[PDB]
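**Q** Below is a structure I'd like to ask you about.
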Amino acid sequence: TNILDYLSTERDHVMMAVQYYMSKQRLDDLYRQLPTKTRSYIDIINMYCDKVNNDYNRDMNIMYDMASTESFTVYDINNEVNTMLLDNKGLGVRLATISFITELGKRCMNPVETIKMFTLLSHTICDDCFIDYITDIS
Amino acid sequence: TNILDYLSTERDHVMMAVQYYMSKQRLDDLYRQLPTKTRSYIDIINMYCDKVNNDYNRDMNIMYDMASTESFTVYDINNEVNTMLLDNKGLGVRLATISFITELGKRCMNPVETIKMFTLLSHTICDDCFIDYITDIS
Amino acid sequence: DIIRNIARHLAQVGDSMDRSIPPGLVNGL
Amino acid sequence: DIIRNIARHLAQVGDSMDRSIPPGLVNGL
């Protein structure tokens, strides 16, 4: 899953550039339009996931390198997460899952499959429990 | 298609924040990994689409406001574009289409449908003709 | 339909931008 | 499978981060 192995022809480079442009423009514009509340939540997720990534670096890295070794579906990642969040109502596990899914996305070169994963897993992560924490902290 | 009408509950705000975090992190990391060549192409697309947007502002705006009035599919947008690019081998039309599809994406609140559109239309836009221009200009 | 109209509009804008570039500076134009 | 192992790992990391926050500062923790 090395970026260079996906950028073999000029068409590959140009198509990457166009897809990046479209996605970057869209994300910048979305943020420009977001309510202050939503922006505050983004900042919290940023700061708290950075703490997980910092404080548990070696743990997170292990989880990444294990996901590398085996092949599995977005579906079953999702279902494995939903099971954990059912009986674990902690804040930490939700933050760690966001960091983990985010890393998985960084390692995925299929943009449609990536957004599908982010979209599904964001539904799973944002249960009543998570919403209560985020609104409490904010 | 106003952002506020999609952000009705706290769950809506938090899910938006998580999805933004994941997508932004992914895009930043992708750029950090891109070859200089690809980055050069992104800069060209940025500069040339900015020129279209500037020099033909009133034209582009009209096209946006018309797309607002009617409902149509990504499929038929795509096929309408492919038809134009078949018999029009100009640079301009390709740049204008990128700007147009990018705007459509900014106005779409469904992230999966948005990336599907960007992905499909980027394939259509990046024909041999476009690649020849981009490599010539770069 | 409308989609066709927009696409035609895009080609017209594109061609006019092409014609505004001094000839020779971009191969193919 | 592995997926289960990772998910279990995520909960362990999460719970340890929760326990490192002084009690009371976050409702529910």
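For the structure tokens, the naming scheme is as follows: chains receive sequential letters (A, B, ...) according to their order of presentation, residues are indexed from 1 within each chain, and ligands are indexed from 1 in presentation order.
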Please return as a list in words: the residues of chain C that backbone DSSP assigns to helix (DSSP H, G or I).
**A**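 These are the residues in question: residues 2, 3, 4, 5, 6, 7, 8, 9, 10, 11, 12, 13, 14, 15, 16, 17, 18, 19 and 20 of chain C.
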**Q** Could you list, as number ranges by chain, the residues of chain B having an atom within 8 Å of chain A when counting only C-alpha atoms?
**A** B: 3-4, 10-11, 13-27, 29-30, 33-35, 37-39, 41-42, 45-46, 98, 101-103, 105-106, 111-112, 115-116, 118-119, 122-123, 126-128, 131, 134-135
**Q** May I have the residues within 12 Å of residue 4 in chain C as a PDB file with C-alpha atoms, in the first residue's frame, using only C-alpha atoms and disregarding those fewer than 4 positions away in the same chain?
**A**
ATOM      1  CA  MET B  63     -24.480  27.117 -14.192  1.00  0.00           C
ATOM      2  CA  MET B  66     -29.371  26.234 -12.813  1.00  0.00           C
ATOM      3  CA  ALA B  67     -28.210  22.963 -11.303  1.00  0.00           C
ATOM      4  CA  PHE B  72     -30.541  15.212 -12.035  1.00  0.00           C
ATOM      5  CA  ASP B  76     -26.270  11.741 -16.414  1.00  0.00           C
ATOM      6  CA  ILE B  77     -24.009  14.672 -15.424  1.00  0.00           C
ATOM      7  CA  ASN B  78     -21.150  12.296 -16.144  1.00  0.00           C
ATOM      8  CA  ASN B  79     -22.490  11.129 -19.470  1.00  0.00           C
ATOM      9  CA  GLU B  80     -23.242  14.731 -20.550  1.00  0.00           C
ATOM     10  CA  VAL B  81     -19.642  15.649 -19.746  1.00  0.00           C
ATOM     11  CA  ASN B  82     -18.172  12.640 -21.546  1.00  0.00           C
ATOM     12  CA  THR B  83     -20.097  13.624 -24.651  1.00  0.00           C
ATOM     13  CA  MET B  84     -18.650  17.134 -24.618  1.00  0.00           C
TER      14      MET B  84
ATOM     15  CA  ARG C   8     -22.857  23.028 -23.565  1.00  0.00           C
ATOM     16  CA  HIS C   9     -22.267  26.095 -21.369  1.00  0.00           C
ATOM     17  CA  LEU C  10     -19.103  24.501 -19.957  1.00  0.00           C
ATOM     18  CA  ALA C  11     -17.716  23.904 -23.472  1.00  0.00           C
TER      19      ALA C  11
END
**Q** Output as CSV one row per residue of chain D within 8 Å of chain A: the closest atom pair and its distance in Å to one decimal place, counting only C-alpha atoms, sorted by chain and residue number ascending.
**A**
residue,atom,partner,partner_atom,distance
D:2,CA,A:70,CA,7.4
D:3,CA,A:77,CA,6.2
D:4,CA,A:80,CA,6.0
D:6,CA,A:63,CA,6.0
D:7,CA,A:81,CA,6.0
D:8,CA,A:84,CA,7.3
D:9,CA,A:63,CA,7.6
D:10,CA,A:93,CA,5.8
D:11,CA,A:93,CA,4.8
D:12,CA,A:93,CA,7.5
D:13,CA,A:93,CA,6.8
D:14,CA,A:92,CA,3.5
D:15,CA,A:92,CA,5.8
D:16,CA,A:92,CA,7.6
D:17,CA,A:92,CA,5.6
D:18,CA,A:92,CA,5.5
D:26,CA,A:137,CA,7.0
D:27,CA,A:136,CA,7.1
D:28,CA,A:133,CA,7.7
D:29,CA,A:90,CA,6.8
**Q** Deliver the residues from the most recent selection as a file, using N, CA, C and O atoms, as a short mmCIF file (atom, residue, chain, number, x, y, z; two decimals), in the first residue's frame.
**A**
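To be explicit, this is the file written out as part32.cif:
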data_model
loop_
_atom_site.label_atom_id
_atom_site.label_comp_id
_atom_site.auth_asym_id
_atom_site.auth_seq_id
_atom_site.Cartn_x
_atom_site.Cartn_y
_atom_site.Cartn_z
N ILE D 2 -8.45 -11.68 14.21
CA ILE D 2 -7.59 -10.53 14.47
C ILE D 2 -8.42 -9.28 14.78
O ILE D 2 -8.06 -8.49 15.67
N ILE D 3 -9.50 -9.09 14.02
CA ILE D 3 -10.34 -7.91 14.17
C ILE D 3 -10.81 -7.82 15.62
O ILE D 3 -10.75 -6.75 16.23
N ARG D 4 -11.28 -8.95 16.15
CA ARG D 4 -11.70 -9.03 17.55
C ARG D 4 -10.57 -8.63 18.47
O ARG D 4 -10.78 -7.88 19.43
N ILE D 6 -7.94 -6.66 17.87
CA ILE D 6 -7.72 -5.23 17.76
C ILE D 6 -8.79 -4.47 18.54
O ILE D 6 -8.49 -3.55 19.30
N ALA D 7 -10.04 -4.87 18.37
CA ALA D 7 -11.14 -4.16 19.02
C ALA D 7 -10.95 -4.24 20.53
O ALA D 7 -11.11 -3.23 21.23
N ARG D 8 -10.57 -5.42 21.01
CA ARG D 8 -10.29 -5.60 22.44
C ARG D 8 -9.14 -4.70 22.89
O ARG D 8 -9.16 -4.14 23.99
N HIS D 9 -8.15 -4.54 22.02
CA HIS D 9 -6.99 -3.68 22.28
C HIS D 9 -7.45 -2.23 22.40
O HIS D 9 -7.04 -1.49 23.31
N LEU D 10 -8.32 -1.80 21.48
CA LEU D 10 -8.88 -0.45 21.53
C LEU D 10 -9.61 -0.16 22.85
O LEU D 10 -9.48 0.94 23.41
N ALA D 11 -10.37 -1.12 23.35
CA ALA D 11 -11.10 -0.93 24.61
C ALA D 11 -10.13 -0.85 25.79
O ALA D 11 -10.34 -0.06 26.72
N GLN D 12 -9.08 -1.66 25.76
CA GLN D 12 -8.07 -1.63 26.83
C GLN D 12 -7.35 -0.29 26.87
O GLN D 12 -7.13 0.26 27.95
N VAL D 13 -6.94 0.21 25.71
CA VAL D 13 -6.29 1.53 25.59
C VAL D 13 -7.24 2.63 26.05
O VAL D 13 -6.85 3.55 26.79
N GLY D 14 -8.48 2.54 25.59
CA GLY D 14 -9.51 3.50 25.95
C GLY D 14 -9.75 3.55 27.45
O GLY D 14 -9.77 4.64 28.05
N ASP D 15 -9.90 2.38 28.07
CA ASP D 15 -10.18 2.33 29.50
C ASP D 15 -9.00 2.86 30.30
O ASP D 15 -9.18 3.56 31.31
N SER D 16 -7.78 2.54 29.87
CA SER D 16 -6.62 3.06 30.58
C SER D 16 -6.54 4.58 30.43
O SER D 16 -6.15 5.26 31.37
N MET D 17 -6.90 5.13 29.27
CA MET D 17 -6.92 6.59 29.17
C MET D 17 -7.97 7.20 30.09
O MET D 17 -7.74 8.21 30.74
N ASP D 18 -9.14 6.57 30.16
CA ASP D 18 -10.19 7.00 31.07
C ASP D 18 -9.72 7.02 32.51
O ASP D 18 -10.05 7.94 33.27
N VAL D 26 -14.85 14.55 34.29
CA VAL D 26 -15.70 14.23 33.14
C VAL D 26 -16.87 13.40 33.65
O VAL D 26 -16.67 12.31 34.20
N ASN D 27 -18.09 13.90 33.51
CA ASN D 27 -19.25 13.14 33.97
C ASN D 27 -19.30 11.81 33.24
O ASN D 27 -19.05 11.76 32.04
N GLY D 28 -19.60 10.75 33.97
CA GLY D 28 -19.74 9.43 33.37
C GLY D 28 -18.49 8.59 33.51
O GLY D 28 -18.56 7.37 33.47
N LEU D 29 -17.35 9.25 33.67
CA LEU D 29 -16.10 8.56 33.92
C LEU D 29 -15.91 8.38 35.43
O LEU D 29 -15.89 9.35 36.18
#
**Q** CA of residue 6 in chain B to CA of residue 74 in chain B: how many Å, to one decimal?
**A**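 Distance between the two atoms: 21.1 Å.
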